[PDB]
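Q: Got a structure for you, questions after.
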Number of protein chains: 10
Amino acid sequence: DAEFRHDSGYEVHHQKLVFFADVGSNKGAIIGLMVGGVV
Amino acid sequence: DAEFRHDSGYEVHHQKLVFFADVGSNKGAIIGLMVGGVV
Amino acid sequence: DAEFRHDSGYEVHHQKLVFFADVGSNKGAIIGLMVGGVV
Amino acid sequence: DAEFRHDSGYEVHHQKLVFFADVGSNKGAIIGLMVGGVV
Amino acid sequence: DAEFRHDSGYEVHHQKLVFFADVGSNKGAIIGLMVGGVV
Amino acid sequence: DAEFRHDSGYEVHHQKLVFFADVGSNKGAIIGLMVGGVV
Amino acid sequence: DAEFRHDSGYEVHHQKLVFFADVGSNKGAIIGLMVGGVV
Amino acid sequence: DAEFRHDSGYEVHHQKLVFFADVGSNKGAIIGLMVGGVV
Amino acid sequence: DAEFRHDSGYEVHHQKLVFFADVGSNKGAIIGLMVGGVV
Amino acid sequence: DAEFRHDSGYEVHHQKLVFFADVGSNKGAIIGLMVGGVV
């Protein structure tokens, strides 16, 4: 079985994840990235 | 079975995730990115 | 079975996610991006 | 069985993860990256 | 069985993980990287 | 400043997120929940 | 400053995240939960 | 400064994260939980 | 300064993270939990 | 300064992290827990 057939001439995968990029001032409770969390 | 057949000449995948980009002032409770979370 | 047949000459996938881009002032409770969350 | 057949001429995988990049001031509770956590 | 067949002309895997990169001031409780943890 | 004043006698927050609940048959490309993604 | 004042008699926060709950059959490409990702 | 004042009589925080709960059959490429990733 | 003042009568924090819970059959490429990763 | 003042009558912190719990059959490439990694 062909679970996955990748046919291409060039595969480019790029991922960018920037959290809290340039902040004037963080007061109290601040979350730049919350995943399945709780406060 | 062909679960997935990718036929191309060039595959380019790029993802950009910017959270809290340039902020004047964060007061009290601030969330730049909340996923399945709770405050 | 043909789960998915991709026939092309060039596949380009680009995604941009910018949250909280340029803010005058964040007071009280502010959410630049809430997914399945609750405050 | 073909669990996964990668057919390409050049595979490039790049990932960037930056947490707490340039911050004016972090007060109280601040989370630049929360994964399955809780406060 | 073909658990995984990698067919390419050049494989490049690069990952960048920066925690607490340049911070103005961390007060109280600050987490630049939390994985399956709890405070 | 009164960024946010919560005055109540009982606060109850409950969130339920169920994806792919009861499916007769998933063929080809299927997405039970896509957030800021792309296929 | 009152960044955030929580005044209550009982705070209850509950979050439930179920992905791929009961599936008849997953063929080809299937995503039970995609966050800021790309295929 | 009152960055964050929690005034309550009982705080209860519960989070549940279940990935790939009961599956008939996972073929080809399947993702039970993708966070800032790419395939 | 009051970075964070927790005033309660009972704090209960519980987190549950289950990956790949009960699976009929995982073929090809399967990810039960992907965080800032790439395949 | 009061970086963090925890005032409660009972603090209970419990975390559960199960990877690859009960699997019918893992073929090819399978990841039950990926953190800042790459394949």
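Residue numbering in chain J adheres to Swiss-Prot, whereby the residues present occupy positions 672-692, 694-711 in order.
Structure method, as recorded: solid-state NMR.
Cβ coordinates are placed from backbone N, Cα and C, and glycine is handled just like the others.
Sharing the record's features from Swiss-Prot:
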- J:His677, J:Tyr681, J:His684, J:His685: Cu(2+) 2 binding site (BINDING)
- J:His677, J:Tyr681, J:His684, J:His685: Zn(2+) 2 binding site (BINDING)
- J:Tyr681: O-linked glycosylation site (CARBOHYD)
- J:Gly704: site 'Implicated in free radical propagation' (SITE)
- J:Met706: site 'Susceptible to oxidation' (SITE)
Q: Out of the binding-site residues J:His677, J:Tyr681, J:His684, J:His685, give me the one sitting nearest to J:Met706 (site 'Susceptible to oxidation') by CA distance.
A: J:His685
Q: Do you know offhand how many angstrom separate J:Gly704 (site 'Implicated in free radical propagation') and J:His685 (Cu(2+) 2 binding site) by C-alpha?
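A: With the alpha carbons as reference points, the distance is 21 Å.
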Q: Starting from the Cβ of J:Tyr681 (Cu(2+) 2 binding site), draw a 10 Å sphere and report how many other Cβ atoms land inside it.
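A: So the number of other Cβ atoms within 10 Å of J:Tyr681 (Cu(2+) 2 binding site) is 10.
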